[PDB]
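> The file below is run.txt, compact mmCIF, C-alpha atoms (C1' of nucleotides):
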```
# COMPACT_ATOMS: atom_id res chain seq x y z
CA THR A 360 -0.45 21.11 17.49
CA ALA A 361 0.33 24.59 16.16
CA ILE A 362 3.71 26.09 15.27
CA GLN A 363 5.99 26.57 18.28
CA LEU A 364 8.85 29.03 18.80
CA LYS A 365 11.53 29.74 21.39
CA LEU A 366 13.68 32.43 23.01
CA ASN A 367 17.33 31.77 22.20
CA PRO A 368 19.82 34.17 23.84
CA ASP A 369 21.89 34.03 20.63
CA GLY A 370 19.04 34.23 18.13
CA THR A 371 16.02 35.90 19.69
CA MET A 372 12.56 35.03 18.32
CA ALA A 373 13.85 32.08 16.29
CA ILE A 374 11.67 29.38 14.73
CA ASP A 375 12.44 25.73 15.42
CA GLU A 376 13.22 23.12 12.79
CA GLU A 377 11.20 20.16 14.05
CA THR A 378 7.69 21.50 14.74
CA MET A 379 7.67 23.14 11.29
CA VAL A 380 6.12 19.87 10.10
CA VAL A 381 3.98 17.26 11.85
CA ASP A 382 4.43 13.49 12.01
CA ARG A 383 0.72 12.46 11.89
CA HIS A 384 1.72 9.08 13.39
CA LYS A 385 2.60 9.80 17.04
CA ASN A 386 -1.01 10.71 17.84
CA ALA A 387 -2.03 7.49 16.09
CA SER A 388 0.59 5.52 18.04
CA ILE A 389 -0.79 6.26 21.52
CA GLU A 390 -4.30 5.47 20.25
CA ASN A 391 -3.12 1.95 19.37
CA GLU A 392 -1.29 1.26 22.63
CA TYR A 393 -4.35 0.91 24.89
CA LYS A 394 -5.92 -1.73 22.64
CA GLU A 395 -6.59 -5.38 23.42
CA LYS A 396 -3.84 -7.83 22.46
CA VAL A 397 -5.34 -11.17 21.41
CA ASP A 398 -3.56 -14.35 20.31
CA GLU A 399 -5.34 -15.78 17.28
CA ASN A 400 -6.33 -19.45 17.20
CA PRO A 401 -7.35 -20.51 13.67
CA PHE A 402 -10.73 -21.77 14.93
CA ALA A 403 -11.97 -18.33 16.03
CA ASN A 404 -12.30 -16.68 12.61
CA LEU A 405 -14.59 -19.46 11.35
CA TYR A 406 -17.10 -18.16 8.81
CA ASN A 407 -20.33 -19.66 7.48
CA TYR A 408 -23.15 -18.69 5.13
CA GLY A 409 -24.51 -16.49 7.92
CA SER A 410 -21.55 -14.13 7.71
CA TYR A 411 -20.98 -10.66 6.23
CA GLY A 412 -24.72 -10.21 5.79
CA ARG A 413 -27.66 -8.05 6.76
CA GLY A 414 -29.81 -8.12 9.82
CA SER A 415 -29.81 -9.09 13.48
CA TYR A 416 -32.11 -10.70 16.05
CA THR A 417 -34.99 -8.51 17.22
CA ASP A 418 -35.78 -8.61 20.93
CA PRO A 419 -38.97 -10.69 21.37
CA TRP A 420 -41.89 -8.39 22.03
CA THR A 421 -43.46 -7.75 25.43
CA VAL A 422 -46.99 -7.28 26.75
CA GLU A 423 -45.91 -3.85 28.02
CA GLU A 424 -45.28 -2.83 24.40
CA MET A 425 -48.53 -4.38 23.11
CA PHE B 51 39.64 -33.76 9.44
CA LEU B 52 37.35 -35.14 6.72
CA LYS B 53 35.18 -37.14 9.14
CA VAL B 54 33.83 -34.26 11.23
CA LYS B 55 34.37 -31.76 8.39
CA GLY B 56 33.90 -33.20 4.93
CA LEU B 57 34.55 -32.15 1.33
CA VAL B 58 31.40 -30.08 0.65
CA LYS B 59 32.07 -27.85 3.64
CA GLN B 60 31.90 -24.71 1.52
CA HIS B 61 28.41 -25.38 0.15
CA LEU B 62 26.69 -27.00 3.14
CA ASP B 63 27.93 -24.63 5.86
CA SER B 64 26.92 -21.55 3.85
CA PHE B 65 23.23 -22.28 3.22
CA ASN B 66 22.93 -23.62 6.78
CA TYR B 67 24.08 -20.23 8.07
CA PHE B 68 21.58 -18.48 5.78
CA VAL B 69 18.59 -20.47 7.05
CA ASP B 70 19.41 -20.31 10.77
CA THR B 71 20.55 -16.73 11.37
CA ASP B 72 20.66 -14.76 8.12
CA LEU B 73 16.88 -14.72 7.65
CA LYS B 74 16.23 -13.01 10.99
CA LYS B 75 18.64 -10.23 9.98
CA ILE B 76 16.45 -9.55 6.92
CA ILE B 77 12.98 -9.12 8.42
CA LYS B 78 14.60 -7.06 11.19
CA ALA B 79 15.69 -4.67 8.40
CA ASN B 80 12.35 -4.64 6.53
CA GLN B 81 9.91 -4.70 9.45
CA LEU B 82 6.95 -2.35 10.00
CA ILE B 83 5.08 -2.08 6.73
CA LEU B 84 3.00 1.08 7.05
CA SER B 85 0.31 3.13 5.33
CA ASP B 86 -0.03 6.90 5.29
CA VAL B 87 -3.80 6.90 4.83
CA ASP B 88 -5.42 5.72 8.09
CA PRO B 89 -2.25 6.16 10.19
CA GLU B 90 -3.38 3.81 13.00
CA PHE B 91 -2.60 0.69 10.92
CA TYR B 92 0.65 -1.23 11.36
CA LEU B 93 1.86 -4.73 10.50
CA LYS B 94 5.21 -5.91 11.88
CA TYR B 95 7.19 -9.09 11.24
CA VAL B 96 8.42 -10.47 14.56
CA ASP B 97 10.28 -13.64 13.53
CA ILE B 98 10.69 -16.01 10.59
CA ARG B 99 11.12 -19.78 10.30
CA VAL B 100 11.65 -22.36 7.56
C1' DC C 1 -31.94 -40.57 47.12
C1' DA C 2 -33.19 -35.73 46.38
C1' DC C 3 -32.56 -32.20 43.47
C1' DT C 4 -29.32 -29.00 41.15
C1' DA C 5 -27.39 -27.95 36.44
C1' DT C 6 -25.00 -27.96 32.37
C1' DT C 7 -26.03 -30.36 28.62
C1' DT C 8 -29.14 -31.82 24.95
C1' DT C 9 -33.12 -30.53 22.24
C1' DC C 10 -37.07 -29.07 20.78
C1' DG C 11 -39.12 -25.02 18.97
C1' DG C 12 -40.59 -21.03 17.18
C1' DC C 13 -39.22 -16.53 15.88
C1' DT C 14 -37.16 -14.17 12.56
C1' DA C 15 -34.97 -12.73 8.23
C1' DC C 16 -33.96 -12.93 4.06
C1' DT C 17 -32.11 -15.83 0.39
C1' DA C 18 -34.69 -16.50 -5.89
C1' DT C 19 -38.88 -15.37 -9.31
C1' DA C 20 -41.77 -12.37 -11.89
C1' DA C 21 -43.94 -7.09 -12.87
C1' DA C 22 -44.59 -0.98 -11.88
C1' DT C 23 -41.46 3.38 -11.78
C1' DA C 24 -38.06 6.95 -10.70
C1' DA C 25 -34.89 8.62 -8.80
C1' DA C 26 -30.72 8.32 -6.51
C1' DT C 27 -26.22 5.96 -6.57
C1' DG C 28 -22.18 3.95 -7.69
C1' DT C 29 -19.45 1.42 -11.02
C1' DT C 30 -16.78 0.69 -14.81
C1' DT C 31 -14.87 1.90 -20.90
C1' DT C 32 -14.26 4.94 -24.71
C1' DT C 33 -12.30 9.21 -26.41
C1' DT C 34 -10.08 14.24 -25.28
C1' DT C 35 -5.97 16.23 -23.49
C1' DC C 36 -1.51 17.12 -20.86
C1' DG C 37 41.49 -2.35 -27.38
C1' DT C 38 44.23 0.37 -31.42
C1' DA C 39 44.63 3.90 -35.19
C1' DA C 40 42.88 7.29 -38.89
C1' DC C 41 41.34 11.94 -38.92
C1' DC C 42 38.32 15.41 -38.71
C1' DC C 43 38.35 19.17 -35.43
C1' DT C 44 40.05 23.06 -32.80
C1' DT C 45 43.54 26.21 -31.27
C1' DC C 46 47.60 28.46 -30.57
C1' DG C 47 50.44 31.11 -33.64
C1' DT C 48 53.64 33.35 -37.03
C1' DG C 49 54.54 36.04 -41.02
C1' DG C 50 52.57 39.52 -44.98
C1' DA C 51 51.18 43.99 -46.39
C1' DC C 52 48.58 48.24 -45.69
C1' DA C 53 48.04 52.79 -43.62
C1' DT C 54 49.03 56.49 -40.66
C1' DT C 55 52.59 59.39 -38.82
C1' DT C 56 57.13 61.00 -37.91
```
Before anything else, please render the file you have as structure tokens.

Amino acid sequence: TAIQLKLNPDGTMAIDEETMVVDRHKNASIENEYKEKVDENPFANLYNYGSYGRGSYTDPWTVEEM
Amino acid sequence: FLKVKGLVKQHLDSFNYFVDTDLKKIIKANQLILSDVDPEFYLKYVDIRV
DNA sequence: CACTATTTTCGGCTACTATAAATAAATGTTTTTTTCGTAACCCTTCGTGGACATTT
């Protein structure tokens, strides 16, 4: 995403007006487009006391690992 | 004239045009709230109802 | 009627959640200073005449 130039027959070795600065949003835009589009039902985001907390469930141990 | 089209025409038919159509021409001119930090965030207002 | 099978349920596994102590050190988190409308009328300007000095 460096600075680009051009060969104009009128003005040779001229610098272009648009790539002087960067948008910083077009590369973010394509990142968003291949994302999953979900329709929210108010019962999905249900939270309880076991929410926004530490920890997980450890896999129950095996005789191989004993 | 006054049966179909009464005496408070000028007040009733103005607010009723604001609610129906003239809200959707507002959010369509203030859509896409954006942030510059973390540029992959966008919230857009699609339609509005009362 | 035999068993398949999601449903119902037991069940135990796990993992902190407070409550008191030792440090000790690292870490972030938030206040208190230290500094970067008409009408007078003053106001402003263009200007015109007086006398002085050099020069003919």
> Give me, please, the distance in Å between CA of residue 361 in chain A and CA of residue 83 in chain B, quoted to one decimal.
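That distance, rounded to one decimal, is 28.7 Å.
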> I need the contact residues of chain C against chain A, so if you could list those with any atom within 12 Å, counting all atoms listed in the file, and return them as a ChimeraX atom specification, that would help.
/C:12-17
> Could you name the residues that touch range 393-398 of chain A at 12 Å or less, counting all atoms listed in the file, but leaving out those on the same chain fewer than 6 positions away, as a PyMOL selection string?
(chain A and resi 387+404) or (chain B and resi 90)
> Taking all atoms listed in the file into account, which residues of chain B are within 9 Å of chain A, as a ChimeraX atom specification?
/B:86,88-91
> Could you jot down the CA of residue 64 in chain B to CA of residue 96 in chain B separation for me, Å, one decimal place?
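About the pair CA of residue 64 in chain B and CA of residue 96 in chain B: they are 24.1 Å apart.
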> Just the number, please: distance in Å from CA of residue 81 in chain B to CA of residue 93 in chain B, one decimal.
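Going from CA of residue 81 in chain B over to CA of residue 93 in chain B, I get 8.1 Å.
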> Excluding residue 100 in chain B and any residue of its chain fewer than 2 positions from it, enumerate the residues within 12 Å of it, using all atoms listed in the file, and give them as a VMD selection string.
chain B and resid 66 68 to 74 97 to 98
> Could you extract range 403-425 of chain A of the given structure into a file holding N, CA, C and O atoms, as a tab-separated table (two decimals), in the first residue's frame?

```tsv
chain	number	residue	atom	x	y	z
A	403	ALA	N	-31.47	-15.87	22.81
A	403	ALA	CA	-30.14	-16.45	22.62
A	403	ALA	C	-29.13	-15.85	23.60
A	403	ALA	O	-28.28	-16.58	24.13
A	404	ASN	N	-29.21	-14.55	23.85
A	404	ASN	CA	-28.18	-13.85	24.62
A	404	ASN	C	-28.41	-13.95	26.12
A	404	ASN	O	-27.79	-13.21	26.89
A	405	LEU	N	-29.31	-14.84	26.53
A	405	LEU	CA	-29.56	-15.17	27.93
A	405	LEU	C	-28.27	-15.34	28.72
A	405	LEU	O	-27.36	-16.06	28.31
A	406	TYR	N	-28.20	-14.66	29.87
A	406	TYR	CA	-27.05	-14.72	30.76
A	406	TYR	C	-27.50	-15.21	32.13
A	406	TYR	O	-28.64	-14.96	32.55
A	407	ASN	N	-26.60	-15.90	32.82
A	407	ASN	CA	-26.87	-16.30	34.20
A	407	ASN	C	-25.71	-15.92	35.11
A	407	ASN	O	-24.85	-15.12	34.74
A	408	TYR	N	-25.68	-16.49	36.32
A	408	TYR	CA	-24.54	-16.28	37.21
A	408	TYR	C	-23.27	-16.90	36.65
A	408	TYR	O	-22.18	-16.38	36.87
A	409	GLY	N	-23.40	-18.01	35.92
A	409	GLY	CA	-22.25	-18.60	35.26
A	409	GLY	C	-21.98	-17.95	33.93
A	409	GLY	O	-22.08	-18.59	32.88
A	410	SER	N	-21.63	-16.66	33.95
A	410	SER	CA	-21.40	-15.90	32.74
A	410	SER	C	-20.35	-14.84	33.02
A	410	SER	O	-20.33	-14.25	34.11
A	411	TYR	N	-19.48	-14.60	32.04
A	411	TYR	CA	-18.41	-13.61	32.15
A	411	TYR	C	-17.51	-13.93	33.34
A	411	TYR	O	-17.18	-13.07	34.16
A	412	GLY	N	-17.10	-15.20	33.43
A	412	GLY	CA	-16.34	-15.68	34.56
A	412	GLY	C	-15.15	-16.51	34.12
A	412	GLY	O	-14.93	-16.74	32.93
A	413	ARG	N	-14.39	-16.97	35.12
A	413	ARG	CA	-13.21	-17.78	34.87
A	413	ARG	C	-13.61	-19.18	34.42
A	413	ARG	O	-14.77	-19.59	34.48
A	414	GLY	N	-12.61	-19.93	33.96
A	414	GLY	CA	-12.63	-21.38	34.05
A	414	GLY	C	-13.35	-22.04	32.88
A	414	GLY	O	-14.01	-21.41	32.06
A	415	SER	N	-13.19	-23.36	32.83
A	415	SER	CA	-13.84	-24.20	31.83
A	415	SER	C	-14.05	-25.58	32.43
A	415	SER	O	-13.92	-25.77	33.65
A	416	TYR	N	-14.36	-26.56	31.59
A	416	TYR	CA	-14.52	-27.94	32.01
A	416	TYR	C	-13.32	-28.74	31.52
A	416	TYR	O	-13.11	-28.88	30.31
A	417	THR	N	-12.54	-29.27	32.46
A	417	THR	CA	-11.42	-30.14	32.13
A	417	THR	C	-11.90	-31.48	31.60
A	417	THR	O	-12.88	-32.05	32.10
A	418	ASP	N	-11.21	-31.98	30.58
A	418	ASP	CA	-11.52	-33.29	30.04
A	418	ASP	C	-11.27	-34.36	31.10
A	418	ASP	O	-10.18	-34.38	31.70
A	419	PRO	N	-12.23	-35.24	31.37
A	419	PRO	CA	-12.03	-36.24	32.43
A	419	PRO	C	-10.89	-37.20	32.10
A	419	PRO	O	-10.76	-37.67	30.97
A	420	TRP	N	-10.06	-37.47	33.11
A	420	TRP	CA	-8.76	-38.08	32.89
A	420	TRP	C	-8.89	-39.53	32.44
A	420	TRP	O	-9.92	-40.19	32.67
A	421	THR	N	-7.84	-40.03	31.81
A	421	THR	CA	-7.83	-41.35	31.21
A	421	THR	C	-6.75	-42.22	31.85
A	421	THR	O	-5.79	-41.73	32.45
A	422	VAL	N	-6.94	-43.54	31.71
A	422	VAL	CA	-5.99	-44.51	32.26
A	422	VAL	C	-4.68	-44.48	31.48
A	422	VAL	O	-3.62	-44.79	32.03
A	423	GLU	N	-4.74	-44.10	30.20
A	423	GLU	CA	-3.52	-43.84	29.44
A	423	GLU	C	-2.66	-42.77	30.12
A	423	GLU	O	-1.43	-42.91	30.19
A	424	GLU	N	-3.28	-41.71	30.62
A	424	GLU	CA	-2.53	-40.62	31.22
A	424	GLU	C	-2.16	-40.88	32.68
A	424	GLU	O	-1.32	-40.16	33.23
A	425	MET	N	-2.76	-41.89	33.31
A	425	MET	CA	-2.38	-42.25	34.67
A	425	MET	C	-0.95	-42.77	34.74
A	425	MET	O	-0.18	-42.39	35.63
```
